[PDB]
Amino acid sequence: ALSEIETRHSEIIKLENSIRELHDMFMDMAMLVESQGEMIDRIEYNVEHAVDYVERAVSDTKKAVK
Amino acid sequence: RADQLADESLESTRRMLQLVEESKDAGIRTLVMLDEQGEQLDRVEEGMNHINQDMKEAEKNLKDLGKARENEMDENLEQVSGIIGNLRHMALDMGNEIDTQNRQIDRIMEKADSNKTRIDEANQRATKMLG
Amino acid sequence: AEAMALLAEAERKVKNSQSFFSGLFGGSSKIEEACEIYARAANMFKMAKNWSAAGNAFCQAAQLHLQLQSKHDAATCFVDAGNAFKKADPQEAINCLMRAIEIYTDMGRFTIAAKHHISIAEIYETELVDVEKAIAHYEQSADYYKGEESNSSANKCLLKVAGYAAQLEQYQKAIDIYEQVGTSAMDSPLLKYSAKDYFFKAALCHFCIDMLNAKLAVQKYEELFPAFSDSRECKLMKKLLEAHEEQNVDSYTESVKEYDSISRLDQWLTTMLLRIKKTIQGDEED
Amino acid sequence: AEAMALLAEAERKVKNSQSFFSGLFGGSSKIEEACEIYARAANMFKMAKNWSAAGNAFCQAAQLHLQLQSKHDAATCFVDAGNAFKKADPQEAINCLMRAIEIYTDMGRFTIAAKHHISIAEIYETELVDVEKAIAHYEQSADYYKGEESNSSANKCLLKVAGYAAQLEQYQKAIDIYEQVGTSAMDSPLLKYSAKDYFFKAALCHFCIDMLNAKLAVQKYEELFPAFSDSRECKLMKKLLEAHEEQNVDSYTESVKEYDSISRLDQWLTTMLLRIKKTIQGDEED
Amino acid sequence: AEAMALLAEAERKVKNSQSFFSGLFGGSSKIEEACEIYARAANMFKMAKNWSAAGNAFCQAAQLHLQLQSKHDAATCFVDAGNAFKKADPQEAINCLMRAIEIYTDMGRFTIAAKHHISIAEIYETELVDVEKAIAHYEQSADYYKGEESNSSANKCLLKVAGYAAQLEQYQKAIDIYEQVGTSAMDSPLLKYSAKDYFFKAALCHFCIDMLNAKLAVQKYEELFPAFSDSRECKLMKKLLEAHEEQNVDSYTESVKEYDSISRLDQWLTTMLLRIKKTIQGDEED
Amino acid sequence: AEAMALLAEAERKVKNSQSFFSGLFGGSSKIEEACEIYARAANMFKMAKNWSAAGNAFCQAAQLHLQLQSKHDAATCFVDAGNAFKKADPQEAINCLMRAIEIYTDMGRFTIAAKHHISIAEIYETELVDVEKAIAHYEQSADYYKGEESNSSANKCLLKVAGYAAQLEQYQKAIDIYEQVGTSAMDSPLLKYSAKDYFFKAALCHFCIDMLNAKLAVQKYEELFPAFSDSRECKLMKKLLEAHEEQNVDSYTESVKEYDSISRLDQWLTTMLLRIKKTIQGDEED
Amino acid sequence: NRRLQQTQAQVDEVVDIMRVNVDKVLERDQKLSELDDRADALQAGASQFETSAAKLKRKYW
């Protein structure tokens, strides 16, 4: 009927549009989350290890009073 | 143009899939980590708690020692729809993992600080009894 | 196991010893023990689902900790108390948190002070319905966040402020906040897409102006006919500005009906939209 | 070097000293030494994937660690043991974890107790197939999460509880959970999307009701067809409610077939839909 | 607790003791006492939002801490000073941070050194507008990240380097940086995703070459038509390369108008695209 | 402040004290002083980008640290040295890492051991190009991950193992891994959508079997028609199974050309598909 | 037909979901960024305590 076929296209593109950008976000996302993933790999390291430094201190102090 | 739009946009609907599918792939790596990290922080939190304990003892010791084209175009939408549900799946796993960890960061920051003080006070009383 | 027994021993030990008990030293080591007792009690009071008891118990351990000089861990205890009263039945949920912040703040700990500060304004609003104090907190807290350069966080709070500012008739003071949070969110391409809603809210909030402002703000906004997201911002606004300047309470309430398809209206929008819809009639029958 | 040698030395030292050997201070340094030994052994056992030996060894070190007087570190050791046994050959995976929570819970550490509590209920189902004991845990654990204001986690558990509750015929007890987790989900505009599935589950769970327990729950559900997310929720439901009120085990069994197109049915839905499918058949010619 | 008073007493004790004051032992703690004083001062300075003074106060406690032998907690103070001045109204934000990195660097803490290094290059640009030094920092910083296995962050900085390098005429040096960051991105099939835009930027950057550096860069780009991410990188480029090789400042200016639909053109792209739009006319009129 | 000077002093102090210089108490403190020396040296060698020197320096401070009795913080140094050598020009990168794992492994730290184990298998592949040794590491490492109930990471390694195992020749040993990683993937509804590609890979991998291992593996897969995720998995496979069972190498190569439209192919797929293309050609002219 | 003009919002709604997903994650970055400067700096002081506690061991023990 033309009118519906043209109006159709109009709504389809307006749809196509909004889509492409939402995809743009994930791209930046995978780049952010990963950039943060490396910022935590060192944390886990500095943490469970700090437990060793403190554990060695609390131990020496105890054997320094008994 | 009429056909160059009913098909080109149709290719966009087909592409609309990989667009929302590549998003899942990007979401997986995120979730997979958010989960892996979630467990990590658990052993990480143990650090703030492990130190929280020892320091209390260490302080005491330092105190004791210190003193059909449209039919398909309609189907592709259904495809996007089925994937939209997925986007909700990750959106929730990502969400529930974010909120659960943010509050975890709070506890971590708290204890971490609380212990930092004990270290400073102890370091000011120990450094003097050096050598 | 027996909280009712622990509380008792708890008080029986929290007391500056004397006679032969004091000897030469006495205080810290004892009072701390009591703090641990009350914490142990408050815990089972939490599993017992008493809450009230748990909360007041944490208040006890907390207050006691101060008598030993340890504002830090003490304040964190007050946090436990607040969490108790919060998910409990009595009040005091607000007091505990005030006693927490008074400590974190003076201690130079604004990073965490803001953390509980927002929690505070959140309870003072969702429960106490004390918006006038809530805004004061959401704001000061946002200032702290903005100090740590924790942009996003500060914006979260600002959004709270403005959002609840338009509800309290403060429309102009709201648009200003949206302007600030809008100018400090453009340099980052991770907030571009979002700057829209800000302009939409700011354009909706009307201090009963009888002209542009909104027709000027919609202009300040950068949009392109091929824009996707922008369709969910000014595109609607323009049509609303025209239905307002022409005092037509038939074109406004219609366009909002259409927009309620491509982008559903949240409670906020609905409230303000209806307010504008009334201002139109209040200009027609006048 | 070898674990078999370490276990031996550890044994010959894990003995409470008495008489002269005990002297003035028997000390827990011995029991602790042995703990370190067994830990060192259990680890290399975890190297040769002997698991069984690794786990039982950790159980040893942890058990002694209790005789040491340090419930905390011991508890986490029990966790290590659970981690071994879980992905191992023998069982005890359930024992170690229970022995861990009995420690975290009494110690006043619910935050972590719930963390392992969910792991527990997660194993007692996918393995022991003891739903009745799994749900009890998913629930009590959710109570802890809800106690720590951790709404998010709490809901993660509630979904499990109700999810498997409907499988155990507990339909009403399921819908109640869905109603609660549903109401405490709207206050957060970050769960709006998920709030659908909740209403779908709750409207599906039927405690042999014949009325509009669901026809009313579908109404309470604010929807507008061109929303989609919602189409994957009540649409089908409505068509199911008509097929039940007319004892038609053909319109319902066809609707499940068509709906299994736009949105695939998971094992849960399959099992329940079949139960509802039988409630129709046994009812027609009865 | 007067601020300026604390600033006075702190000075009263921050000095090598002598006479009867020195007595038997020195005063390695006196200097520390003073540090704590100035900190107490900067506290209330940050209270009244007088930041400036707070910052100048932290500079004092920090400088003093060095005169005590404690680079660690000292440098952290320099950070507090930087955060203060930064959020404050005066400058100094640059000095405190430089004085912070020299410490995190000499000590052995590059992770954090780079963490403040990027903040630095970011301020030396958005504020002082001194790109010639900002790039130097963005780069050295990315080097440190690239040595902490921290790949991503390294690239985060590299993008800044090349990004602002092409906006300074350094077009070639830019494409080279994009090549490096492009090669160190394919090793991770989890980055395959962003490795496009790099090719787009690199192909856009032109050092006024007469050959087909871009027609070659777009060729090196592995793309498949059905691909989606890719259609947002080279596809446009090819058309732009043809519009340039045909001195047609119309097809290029219209293709950039079309692509602006499917993919919004950020600030950068815009500026550069215009530079090419002028190279076309300039070649037409050369 | 000269590295070359420090490296000398360190040496002068790192040596089991002899004669009077020794006395009774050893040099447990001297060896530590030397470690600090070399550490300071490696540090300035890293700011100078002398990497090689930095790495070898850390190796010194580390080895000595072992001579002090502190495996923990030692291994940590070994890692620092590895990070140096990696982004450097000499070797030792592989040695430092093995020397680090022997420590994290015998110390009771498998979590971090596997963390560096995968790094190892990654370097031994992207550098040494030793696929057979890399697979061995990716495997032994996945065992540890899967033990730390980190199924997620475990599979991350398994995928590597099978992935490169199909590239070498091990097509069968590849499908087995895909089958295991496939069964242990359904227990988590967060991998359902991804569980497709697994079946696609496993069905593509052929160890020259004459039966219908693939026609059976594709049947084991659960698919319908109104699914679109599944469209990128078996639907194609069947077409390939028919093109193989009919010795028609143009229909196989035509279908790969079509499928390369709805779901663009990667390097892996390409290589294997061509392998299957040649098995067909080789069956035609025979 | 109508599905096209309809499904259009089926994503515009998700475009908002991610809008928050991108923000949520970024909000954690700063929370972990600061925690990275206070946690690592924390153990830094612990190092001072490890050295101090080690010396108190070689004198009173």
# chains A, B, ... in the order shown; residues from 1 in each chain; ligands from 1
>>> residues_around(residues="residue 33 (chain F)", least_positions_apart="3", cutoff="10 Å", atoms="only C-alpha atoms", output="tab-separated table (two decimals) with N, CA and C atoms, in the first residue's frame")
chain	number	residue	atom	x	y	z
F	9	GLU	N	78.06	-4.06	47.31
F	9	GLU	CA	77.93	-4.09	48.77
F	9	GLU	C	77.15	-5.33	49.19
F	10	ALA	N	76.08	-5.60	48.45
F	10	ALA	CA	75.21	-6.74	48.71
F	10	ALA	C	76.05	-8.00	48.78
F	13	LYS	N	78.12	-8.46	51.76
F	13	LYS	CA	77.42	-8.87	52.98
F	13	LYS	C	76.72	-10.23	52.86
F	14	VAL	N	76.39	-10.67	51.64
F	14	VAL	CA	75.73	-11.97	51.47
F	14	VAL	C	76.73	-13.14	51.43
F	27	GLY	N	74.12	-14.92	60.10
F	27	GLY	CA	73.85	-13.68	59.41
F	27	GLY	C	72.48	-13.63	58.78
F	28	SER	N	71.49	-14.19	59.49
F	28	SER	CA	70.10	-14.21	59.03
F	28	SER	C	69.59	-12.80	58.71
F	29	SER	N	70.26	-11.79	59.28
F	29	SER	CA	69.89	-10.40	59.08
F	29	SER	C	70.70	-9.80	57.93
F	30	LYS	N	71.94	-10.27	57.78
F	30	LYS	CA	72.84	-9.82	56.73
F	30	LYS	C	72.30	-10.21	55.36
F	36	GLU	N	67.54	-6.69	50.37
F	36	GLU	CA	67.05	-5.31	50.23
F	36	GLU	C	67.91	-4.49	49.26
F	37	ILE	N	69.21	-4.78	49.26
F	37	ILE	CA	70.14	-4.09	48.38
F	37	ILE	C	69.79	-4.39	46.93
F	38	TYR	N	69.86	-5.67	46.58
F	38	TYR	CA	69.54	-6.11	45.23
F	38	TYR	C	68.15	-5.62	44.83
F	39	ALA	N	67.19	-5.64	45.75
F	39	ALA	CA	65.85	-5.16	45.44
F	39	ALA	C	65.88	-3.70	44.99
F	61	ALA	N	68.30	-11.21	44.68
F	61	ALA	CA	67.62	-10.93	45.96
F	61	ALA	C	66.71	-12.08	46.39
F	64	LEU	N	68.85	-15.30	47.43
F	64	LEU	CA	69.38	-15.03	48.75
F	64	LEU	C	68.25	-15.16	49.77
F	65	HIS	N	67.08	-14.62	49.41
F	65	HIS	CA	65.96	-14.68	50.33
F	65	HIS	C	65.71	-16.15	50.70
>>> residues_around(residues="residue 102 (chain C)", least_positions_apart="3", cutoff="12 Å", atoms="only C-alpha atoms", output="PyMOL selection string")
chain C and resi 71-72+74-76+78-79+95-99+105-110+112-114+116-117
>>> residues_around(residues="residue 153 (chain F)", least_positions_apart="5", cutoff="9 Å", atoms="only C-alpha atoms", output="list in words")
residues 32, 33 and 36 of chain B; 142, 145, 146 and 158 of chain F
>>> select_by_dssp(residues="region 29-98 of chain D", states="helix (DSSP H, G or I)", output="VMD selection string")
chain D and resid 29 to 47 52 to 68 71 to 86 93 to 98
>>> interface_residues(of="chain G", to="chain F", cutoff="12 Å", atoms="only C-alpha atoms", output="tab-separated table (two decimals) with N, CA and C atoms, in the first residue's frame")
chain	number	residue	atom	x	y	z
G	47	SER	N	54.49	-3.92	56.66
G	47	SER	CA	55.89	-4.22	56.37
G	47	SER	C	56.74	-3.56	57.45
G	51	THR	N	59.04	-5.66	60.23
G	51	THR	CA	60.44	-5.35	60.51
G	51	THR	C	60.61	-4.99	61.99
G	54	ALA	N	60.09	-8.12	64.09
G	54	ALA	CA	61.19	-9.05	63.88
G	54	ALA	C	62.36	-8.68	64.79
G	55	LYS	N	62.59	-7.38	64.96
G	55	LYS	CA	63.67	-6.89	65.80
G	55	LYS	C	63.38	-7.07	67.29
G	58	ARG	N	64.65	-10.38	68.20
G	58	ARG	CA	66.08	-10.62	68.35
G	58	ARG	C	66.68	-9.87	69.54
>>> closest_atom_pairs(of="chain D", to="chain F", cutoff="9 Å", atoms="only C-alpha atoms", output="JSON lines")
{"residue": "D:39", "atom": "CA", "partner": "F:108", "partner_atom": "CA", "distance": 7.6}
{"residue": "D:40", "atom": "CA", "partner": "F:108", "partner_atom": "CA", "distance": 6.5}
{"residue": "D:42", "atom": "CA", "partner": "F:108", "partner_atom": "CA", "distance": 8.7}
{"residue": "D:43", "atom": "CA", "partner": "F:108", "partner_atom": "CA", "distance": 5.6}
{"residue": "D:44", "atom": "CA", "partner": "F:106", "partner_atom": "CA", "distance": 6.7}
{"residue": "D:46", "atom": "CA", "partner": "F:144", "partner_atom": "CA", "distance": 8.5}
{"residue": "D:47", "atom": "CA", "partner": "F:105", "partner_atom": "CA", "distance": 8.0}
{"residue": "D:49", "atom": "CA", "partner": "F:143", "partner_atom": "CA", "distance": 8.5}
{"residue": "D:80", "atom": "CA", "partner": "F:148", "partner_atom": "CA", "distance": 8.8}
{"residue": "D:83", "atom": "CA", "partner": "F:148", "partner_atom": "CA", "distance": 6.4}
{"residue": "D:84", "atom": "CA", "partner": "F:147", "partner_atom": "CA", "distance": 6.8}
{"residue": "D:86", "atom": "CA", "partner": "F:147", "partner_atom": "CA", "distance": 8.5}
{"residue": "D:87", "atom": "CA", "partner": "F:147", "partner_atom": "CA", "distance": 6.1}
{"residue": "D:88", "atom": "CA", "partner": "F:147", "partner_atom": "CA", "distance": 8.5}
{"residue": "D:126", "atom": "CA", "partner": "F:187", "partner_atom": "CA", "distance": 8.4}
{"residue": "D:260", "atom": "CA", "partner": "F:226", "partner_atom": "CA", "distance": 8.3}
{"residue": "D:261", "atom": "CA", "partner": "F:226", "partner_atom": "CA", "distance": 5.1}
{"residue": "D:262", "atom": "CA", "partner": "F:226", "partner_atom": "CA", "distance": 6.7}
{"residue": "D:263", "atom": "CA", "partner": "F:227", "partner_atom": "CA", "distance": 8.5}
{"residue": "D:264", "atom": "CA", "partner": "F:227", "partner_atom": "CA", "distance": 8.0}
>>> interface_residues(of="chain B", to="chain D", cutoff="7 Å", atoms="only C-alpha atoms", output="VMD selection string")
chain B and resid 78 82 88 96 99 to 100
>>> write_last_selection(atoms="C-alpha atoms", output="short mmCIF file (atom, residue, chain, number, x, y, z; two decimals), in the first residue's frame")
data_model
loop_
_atom_site.label_atom_id
_atom_site.label_comp_id
_atom_site.auth_asym_id
_atom_site.auth_seq_id
_atom_site.Cartn_x
_atom_site.Cartn_y
_atom_site.Cartn_z
CA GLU B 78 11.48 -12.67 17.87
CA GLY B 82 14.71 -14.25 22.83
CA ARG B 88 18.32 -9.60 31.38
CA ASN B 96 23.54 -9.05 42.04
CA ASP B 99 25.70 -4.97 44.81
CA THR B 100 26.91 -7.98 46.81
#
>>> closest_residue(among="B:98, B:55, B:38, B:4", to="chain A", atoms="only C-alpha atoms")
B:55
>>> interface_residues(of="chain G", to="chain A", cutoff="6 Å", atoms="only C-alpha atoms", output="VMD selection string")
chain G and resid 4 to 5 8 15 43 50 53 57 60 to 61
>>> closest_atom_pairs(of="chain B", to="chain G", cutoff="8 Å", atoms="only C-alpha atoms", output="tab-separated table")
residue	atom	partner	partner_atom	distance
B:70	CA	G:1	CA	6.7
B:73	CA	G:4	CA	7.8
B:74	CA	G:3	CA	6.1
B:77	CA	G:7	CA	6.4
B:81	CA	G:10	CA	7.0
B:84	CA	G:11	CA	7.2
B:87	CA	G:14	CA	7.5
B:91	CA	G:21	CA	6.8
B:94	CA	G:21	CA	7.5
B:95	CA	G:21	CA	7.3
B:98	CA	G:25	CA	7.0
B:102	CA	G:28	CA	6.6
B:105	CA	G:31	CA	7.3
B:109	CA	G:35	CA	6.4
B:112	CA	G:39	CA	6.4
B:113	CA	G:42	CA	7.5
B:116	CA	G:42	CA	5.7
B:119	CA	G:46	CA	6.4
B:120	CA	G:45	CA	7.1
B:122	CA	G:49	CA	7.4
B:123	CA	G:49	CA	5.7
B:126	CA	G:52	CA	5.9
B:127	CA	G:52	CA	6.0
B:129	CA	G:56	CA	7.1
B:130	CA	G:55	CA	6.3
B:131	CA	G:55	CA	6.0
>>> write_last_selection(atoms="N, CA, C and O atoms", output="mmCIF file, in the first residue's frame")
data_model
loop_
_atom_site.group_PDB
_atom_site.id
_atom_site.type_symbol
_atom_site.label_atom_id
_atom_site.label_comp_id
_atom_site.auth_asym_id
_atom_site.auth_seq_id
_atom_site.Cartn_x
_atom_site.Cartn_y
_atom_site.Cartn_z
ATOM 1 N N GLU B 70 8.611 -10.177 4.988
ATOM 2 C CA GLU B 70 8.104 -9.568 6.209
ATOM 3 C C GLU B 70 7.847 -10.629 7.271
ATOM 4 O O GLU B 70 7.811 -10.326 8.462
ATOM 5 N N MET B 73 11.328 -10.957 8.664
ATOM 6 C CA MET B 73 11.660 -9.695 9.312
ATOM 7 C C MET B 73 10.942 -9.638 10.655
ATOM 8 O O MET B 73 11.344 -8.906 11.561
ATOM 9 N N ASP B 74 9.874 -10.420 10.770
ATOM 10 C CA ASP B 74 9.092 -10.482 11.995
ATOM 11 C C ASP B 74 9.707 -11.539 12.908
ATOM 12 O O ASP B 74 9.608 -11.453 14.131
ATOM 13 N N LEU B 77 12.964 -10.363 14.778
ATOM 14 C CA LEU B 77 12.608 -9.591 15.960
ATOM 15 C C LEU B 77 12.429 -10.562 17.120
ATOM 16 O O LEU B 77 12.921 -10.327 18.222
ATOM 17 N N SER B 81 14.281 -10.714 20.546
ATOM 18 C CA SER B 81 13.491 -10.827 21.765
ATOM 19 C C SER B 81 14.029 -11.938 22.658
ATOM 20 O O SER B 81 14.278 -11.729 23.845
ATOM 21 N N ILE B 84 17.019 -10.767 24.118
ATOM 22 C CA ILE B 84 16.798 -9.669 25.051
ATOM 23 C C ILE B 84 16.630 -10.259 26.443
ATOM 24 O O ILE B 84 17.070 -9.679 27.435
ATOM 25 N N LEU B 87 19.960 -10.838 27.843
ATOM 26 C CA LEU B 87 20.542 -9.582 28.298
ATOM 27 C C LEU B 87 20.061 -9.267 29.708
ATOM 28 O O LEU B 87 20.725 -8.551 30.458
ATOM 29 N N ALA B 91 22.311 -9.095 33.028
ATOM 30 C CA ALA B 91 22.041 -7.840 33.717
ATOM 31 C C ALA B 91 21.751 -8.069 35.198
ATOM 32 O O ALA B 91 22.015 -7.201 36.030
ATOM 33 N N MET B 94 25.112 -9.761 36.803
ATOM 34 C CA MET B 94 26.074 -8.673 36.892
ATOM 35 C C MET B 94 25.627 -7.755 38.023
ATOM 36 O O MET B 94 26.434 -7.305 38.831
ATOM 37 N N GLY B 95 24.322 -7.495 38.078
ATOM 38 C CA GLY B 95 23.779 -6.636 39.112
ATOM 39 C C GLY B 95 23.946 -7.196 40.511
ATOM 40 O O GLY B 95 24.513 -6.543 41.385
ATOM 41 N N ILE B 98 27.441 -7.171 41.604
ATOM 42 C CA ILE B 98 27.939 -5.825 41.848
ATOM 43 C C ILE B 98 27.527 -5.338 43.236
ATOM 44 O O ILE B 98 28.367 -4.917 44.031
ATOM 45 N N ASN B 102 29.998 -4.605 46.298
ATOM 46 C CA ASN B 102 30.159 -3.218 46.721
ATOM 47 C C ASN B 102 30.076 -3.152 48.238
ATOM 48 O O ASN B 102 30.903 -2.517 48.890
ATOM 49 N N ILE B 105 33.096 -4.515 49.706
ATOM 50 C CA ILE B 105 34.198 -3.565 49.669
ATOM 51 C C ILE B 105 34.117 -2.714 50.928
ATOM 52 O O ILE B 105 35.133 -2.395 51.545
ATOM 53 N N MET B 109 37.126 -2.210 53.380
ATOM 54 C CA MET B 109 37.676 -0.888 53.654
ATOM 55 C C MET B 109 37.653 -0.579 55.148
ATOM 56 O O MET B 109 38.586 0.025 55.678
ATOM 57 N N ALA B 112 40.169 -3.059 57.061
ATOM 58 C CA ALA B 112 41.493 -2.689 56.572
ATOM 59 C C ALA B 112 41.986 -1.455 57.318
ATOM 60 O O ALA B 112 43.111 -1.427 57.816
ATOM 61 N N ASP B 113 41.132 -0.441 57.388
ATOM 62 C CA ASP B 113 41.462 0.800 58.077
ATOM 63 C C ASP B 113 41.653 0.542 59.567
ATOM 64 O O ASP B 113 42.676 0.911 60.144
ATOM 65 N N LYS B 116 44.835 -0.798 60.141
ATOM 66 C CA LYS B 116 45.895 0.140 59.789
ATOM 67 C C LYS B 116 46.309 0.946 61.014
ATOM 68 O O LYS B 116 47.497 1.150 61.266
ATOM 69 N N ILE B 119 48.364 -0.900 63.502
ATOM 70 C CA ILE B 119 49.721 -1.061 62.993
ATOM 71 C C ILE B 119 50.532 0.203 63.262
ATOM 72 O O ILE B 119 51.683 0.132 63.690
ATOM 73 N N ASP B 120 49.924 1.356 63.004
ATOM 74 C CA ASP B 120 50.589 2.637 63.215
ATOM 75 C C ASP B 120 50.932 2.847 64.686
ATOM 76 O O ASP B 120 52.058 3.220 65.020
ATOM 77 N N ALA B 122 51.192 0.578 67.013
ATOM 78 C CA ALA B 122 52.170 -0.439 67.372
ATOM 79 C C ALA B 122 53.539 -0.118 66.783
ATOM 80 O O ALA B 122 54.570 -0.395 67.397
ATOM 81 N N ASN B 123 53.540 0.467 65.589
ATOM 82 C CA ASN B 123 54.780 0.826 64.911
ATOM 83 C C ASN B 123 55.469 2.010 65.580
ATOM 84 O O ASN B 123 56.674 2.204 65.428
ATOM 85 N N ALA B 126 56.895 0.254 68.865
ATOM 86 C CA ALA B 126 57.896 -0.766 68.581
ATOM 87 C C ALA B 126 59.196 -0.159 68.056
ATOM 88 O O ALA B 126 60.285 -0.537 68.487
ATOM 89 N N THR B 127 59.074 0.784 67.128
ATOM 90 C CA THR B 127 60.239 1.439 66.539
ATOM 91 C C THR B 127 61.173 2.014 67.598
ATOM 92 O O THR B 127 62.384 2.110 67.388
ATOM 93 N N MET B 129 61.584 0.721 70.722
ATOM 94 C CA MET B 129 62.245 -0.405 71.373
ATOM 95 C C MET B 129 62.988 -1.199 70.309
ATOM 96 O O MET B 129 63.070 -2.427 70.376
ATOM 97 N N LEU B 130 63.527 -0.486 69.327
ATOM 98 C CA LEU B 130 64.254 -1.103 68.223
ATOM 99 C C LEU B 130 65.648 -1.559 68.641
ATOM 100 O O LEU B 130 66.206 -1.062 69.618
ATOM 101 N N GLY B 131 66.202 -2.504 67.889
ATOM 102 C CA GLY B 131 67.529 -3.016 68.186
ATOM 103 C C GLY B 131 67.605 -3.763 69.500
ATOM 104 O O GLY B 131 67.889 -4.980 69.478
#
>>> closest_residue(among="A:24, A:48, A:34, A:6", to="residue 30 (chain B)", atoms="only C-alpha atoms")
A:34
>>> residues_around(residues="residue 122 (chain F)", least_positions_apart="3", cutoff="10 Å", atoms="only C-alpha atoms", output="NGL selection string")
(:E and (187)) or (:F and (116-119 or 125-131 or 134-135 or 137-138 or 160))
>>> residues_around(residues="residue 246 (chain F)", least_positions_apart="5", cutoff="10 Å", atoms="only C-alpha atoms", output="NGL selection string")
:F and (240-241 or 251-252 or 280 or 283-284)
>>> write_last_selection(atoms="N, CA and C atoms", output="CSV table (one decimal), in the first residue's frame")
chain,number,residue,atom,x,y,z
F,240,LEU,N,27.1,-30.4,7.1
F,240,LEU,CA,28.5,-30.8,6.9
F,240,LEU,C,28.6,-32.3,6.9
F,241,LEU,N,27.8,-32.9,7.7
F,241,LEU,CA,27.8,-34.4,8.0
F,241,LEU,C,27.3,-35.0,6.7
F,251,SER,N,30.0,-28.9,-1.8
F,251,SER,CA,28.8,-28.6,-1.1
F,251,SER,C,29.2,-28.3,0.3
F,252,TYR,N,30.3,-28.9,0.7
F,252,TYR,CA,30.9,-28.7,2.1
F,252,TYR,C,31.5,-27.3,2.1
F,280,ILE,N,37.7,-35.2,2.4
F,280,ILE,CA,36.7,-35.5,1.4
F,280,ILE,C,37.3,-35.6,0.0
F,283,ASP,N,39.0,-38.8,-0.3
F,283,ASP,CA,38.2,-39.9,-0.5
F,283,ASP,C,37.6,-40.0,-1.9
F,284,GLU,N,37.5,-38.8,-2.6
F,284,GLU,CA,36.9,-38.8,-4.0
F,284,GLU,C,37.8,-39.4,-5.0
>>> interface_residues(of="chain B", to="chain A", cutoff="7 Å", atoms="only C-alpha atoms", output="list in words")
residues 5, 6, 9, 12, 19, 20, 23, 26, 30, 40, 44, 47, 50, 51, 54, 55, 57, 58, 61, 62 and 65 of chain B
>>> residues_around(residues="residue 245 (chain F)", least_positions_apart="6", cutoff="10 Å", atoms="only C-alpha atoms", output="PyMOL selection string")
chain F and resi 210+212+239+280
>>> write_last_selection(atoms="N, CA, C and O atoms", output="PDB file, in the first residue's frame")
ATOM      1  N   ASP F 210      35.098 -43.729  11.055  1.00  0.00           N
ATOM      2  CA  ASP F 210      34.250 -44.094   9.924  1.00  0.00           C
ATOM      3  C   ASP F 210      32.774 -44.116  10.280  1.00  0.00           C
ATOM      4  O   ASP F 210      31.918 -43.947   9.410  1.00  0.00           O
ATOM      5  N   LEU F 212      29.549 -42.743  12.880  1.00  0.00           N
ATOM      6  CA  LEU F 212      28.867 -41.466  12.918  1.00  0.00           C
ATOM      7  C   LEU F 212      29.002 -40.755  14.267  1.00  0.00           C
ATOM      8  O   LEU F 212      28.039 -40.188  14.778  1.00  0.00           O
ATOM      9  N   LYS F 239      24.489 -30.361   7.860  1.00  0.00           N
ATOM     10  CA  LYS F 239      24.748 -30.083   6.454  1.00  0.00           C
ATOM     11  C   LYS F 239      26.178 -30.518   6.105  1.00  0.00           C
ATOM     12  O   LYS F 239      26.445 -31.018   5.003  1.00  0.00           O
ATOM     13  N   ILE F 280      37.726 -35.188   2.354  1.00  0.00           N
ATOM     14  CA  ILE F 280      36.705 -35.473   1.351  1.00  0.00           C
ATOM     15  C   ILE F 280      37.337 -35.594  -0.022  1.00  0.00           C
ATOM     16  O   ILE F 280      37.085 -36.572  -0.741  1.00  0.00           O
TER      17      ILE F 280
END
